[PDB]
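What follows draws every value from the coordinates through simple rules; no lab data is involved. Heads up, the Cβs are rebuilt from the backbone with ideal geometry, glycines too, and the neighbour counts pull from every protein chain shown.
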Amino acid sequence: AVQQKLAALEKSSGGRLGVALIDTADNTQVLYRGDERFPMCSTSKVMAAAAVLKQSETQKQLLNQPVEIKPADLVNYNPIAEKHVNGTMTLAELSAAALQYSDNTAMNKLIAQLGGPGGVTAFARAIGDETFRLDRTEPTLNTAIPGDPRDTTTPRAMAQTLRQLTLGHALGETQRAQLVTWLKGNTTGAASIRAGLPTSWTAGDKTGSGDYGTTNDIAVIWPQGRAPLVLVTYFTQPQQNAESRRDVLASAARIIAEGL
Ligand SMILES: O=C(Nc1cccc(-c2nnn[nH]2)c1)c1cccc(C(F)(F)F)c1
Ligand SMILES: O=C(Nc1cccc(-c2nnn[nH]2)c1)c1cccc(C(F)(F)F)c1
Ligand SMILES: O=C(Nc1cccc(-c2nnn[nH]2)c1)c1cccc(C(F)(F)F)c1
Ligand SMILES: O=C(Nc1cccc(-c2nnn[nH]2)c1)c1cccc(C(F)(F)F)c1
C-alpha cells in the first residue's frame with residue numbers, strides 16, 4: 001500500500017524516486033526502487049566522514065590533525081573552507097563542515113585523507129556495503145547522468161549502511177555518537193525528509209543534489225515514543241537542467257510516516 005502511494009507520488013513528480021526505510025523496532029523494510037542505482041551526490045559525505053571517524057579509532061589525535069587549505073583547493077561551494085584559505089582546518093572541522101554545511105572543499109579533504117574516492121569505497125566494503133561506489137572528487141561526483149554507474153548506490157544499501165553507522169557497531173561508541181551529533185546538527189535539511197515528518201520526530205540527516213534535478217536525503221529518525229528509523233529518499237529527473245524537488249522527498253517521508 002505504501003509502495004502504491006510512493007508510485008503515485010513518483011508518477012506526478014515527472015522523475016524517478018527511490019526509497020528505503022528500515023524500522024529498527026522490528027527490522028522491517030519498506031523499499032521503493034530499493035535495488036535501483038541512484039547518484040548519491042552529497043549523501044556520500046556521510047561515508048567519507050564515517051571513514052575518517054573509523055581511522056580516528058586507531059589514532060586518537062586524528063580529528064585535531066591540521067589540514068592546509070590553499071586558494072587552489074577551493075571548489076564550487078565552500079562556505080566554511082573559504083574562511084580558512086592560507087590557514088588550516090582540523091579533520092573534525094572538515095567533517096563538521098562537510099556534513100552540516102555540505103562544504104565541497106571539506107569533502108575533498110576527507111576524500112584525500114582516505115587516499116581518494118577508492119578509499120571511501122574500501123571503507124564501505126569493509127562495513128559490508130557491496131553496493132556503494134565513490135569514483136570521483138567534488139564537484140564532478142554530482143554530474144548525476146542517467147545510466148552512469150559512477151558515484152551511485154541503491155536505497156536499500158544506503159539505508160543498511162546508515163543503520164550500521166549511526167545505530168549499530170560499524171564505528172566505536174564515541175565515534176558513533178559523534179556522527180549522530182553531526183547529523184543532528186545539519187543546517188541543510190528542514191525542507192527535505194524532515195519536512196514530511198511530525199515535528200516531534202527528532203532526526204539527523206544529510207542532503208544531496210546535482211545535475212538532472214537530483215535531490216536526495218538520508219536520515220536517522222527518532223519517532224515520538226518509538227525505536228529509531230532509517231530513511232533514504234533519492235530522486236532524479238530526465239533533463240540535465242531540471243529544478244530541485246525537495247518537496248518530493250518531504251512527500252515520500254510523509255507517506256512513510258503515515259504508513260507506520
Ligand atoms: O539490533 C538489531 N535488530 C533488532 C531489532 C529488534 C529488536 C532487537 C533486540 N531486542 N532485544 N535485543 N535486541 C534487535 C540490528 C539488526 C541488524 C543490524 C543492526 C545494526 F547494526 F544496527 F545495523 C541492528
Ligand atoms: O535482529 C535481531 N538482532 C540482530 C541480528 C543481526 C545483527 C544484529 C546486530 N548487529 N550489530 N548490532 N546488532 C542484531 C533481533 C531482533 C529481535 C529480537 C532479538 C533478540 F533479542 F535476540 F531476541 C534479536
Ligand atoms: O550550492 C548548491 N549547489 C551548487 C553549488 C555550486 C554549483 C552548482 C551548480 N553549478 N551548475 N549547476 N549547479 C550547484 C546547493 C544546492 C542545494 C543545497 C545546498 C546546501 F545548501 F548546501 F544544502 C547547496
Ligand atoms: O556541486 C554541486 N552541487 C552541490 C554542491 C554542494 C552541496 C550540494 C548539496 N548539499 N545538499 N544538497 N546539495 C550540492 C554540483 C551541481 C551541479 C553539477 C555539478 C557538476 F557535477 F560539477 F557538474 C556539481
Taking the chain as a Gaussian network, where each spring joins two C-alpha atoms under 10 Å apart, which residue of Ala190, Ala126, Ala157 fluctuates the most?
-> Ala126
C-alpha center-to-center spacing [segment 227-246, segment 61-130] in angstrom | 24 Å
How would you classify segment 43-87 from its alpha-carbon gyration tensor, with a ≥ b ≥ c the square roots of the eigenvalues: rounded for a/c under 1.5, else prolate if a/b is greater than b/c, otherwise oblate?
-> oblate
Taking the alpha-carbon set of segment 96-180, what are its Rg and Dmax in Å?
-> 13.1, 39
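Hey, what D do you get for segment 97-240 in µm²/s if you plug the Kirkwood alpha-carbon radius into Stokes-Einstein at 20 °C and 1.002 mPa s? Intermediate results must be reported in sequence, preceding the final value.
Details: Rh = 15.8 Å.
Taking Rh from Cα pairs, D becomes 135 µm²/s.
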Which whole-Hz ³J(HN,Hα) couplings does segment 51-63 yield from phi under the Karplus relation 6.51 cos²θ - 1.76 cosθ + 1.60, θ = phi - 60°, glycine and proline marked x?
-> 5, 5, 4, 4, 4, 5, 5, 9, 9, 4, 9, 4, 6
Using alpha-carbon coordinates, inclination of helix 155-166 to the longest axis of the chain, degrees | 50 degrees
If you line up the long axis of helix 246-258 against the longest principal axis of the chain, both from Cα atoms, how many degrees apart are they, to the nearest 10?
-> 60 degrees
Karplus-derived HN-Hα couplings along segment 106-118 (A = 6.51, B = -1.76, C = 1.60, θ = phi - 60°), whole Hz, x at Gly and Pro = 4, 3, 4, 5, 4, 4, 4, 4, 8, x, x, x, x
Taking the chain as a Gaussian network, where each spring joins two C-alpha atoms under 10 Å apart, which residue of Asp26, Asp103, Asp129 fluctuates the most?
-> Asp26
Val120, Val67 arranged by Cβ crowding within 10 Å, fewest neighbours leading | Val67, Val120
q = 0.16 Å⁻¹: log10 I(q)/I(0) that the Debye formula gives for the chain, counting C-alpha atoms only | -1.16
Sequence of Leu74, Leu260, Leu53, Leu162 once ranked by neighbouring C-beta atoms within 10 Å, starting from the fewest = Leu260, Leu74, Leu53, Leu162
To the nearest 10 degrees, how steeply does helix 173-184 sit against the main Cα axis of the chain, on a 0 to 90 scale?
-> 70 degrees
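To the nearest 500 deg cm²/dmol, what mean residue ellipticity at 222 nm is calculated for the chain from DSSP H runs of n ≥ 4 alone, each contributing -39,500 (n - 2.57), summed and divided by the residues? Spell out each step's value before the answer.
On the way: 8 runs with 87 residues, N = 260.
So the helix-based figure for the chain works out to -10000 deg cm²/dmol.
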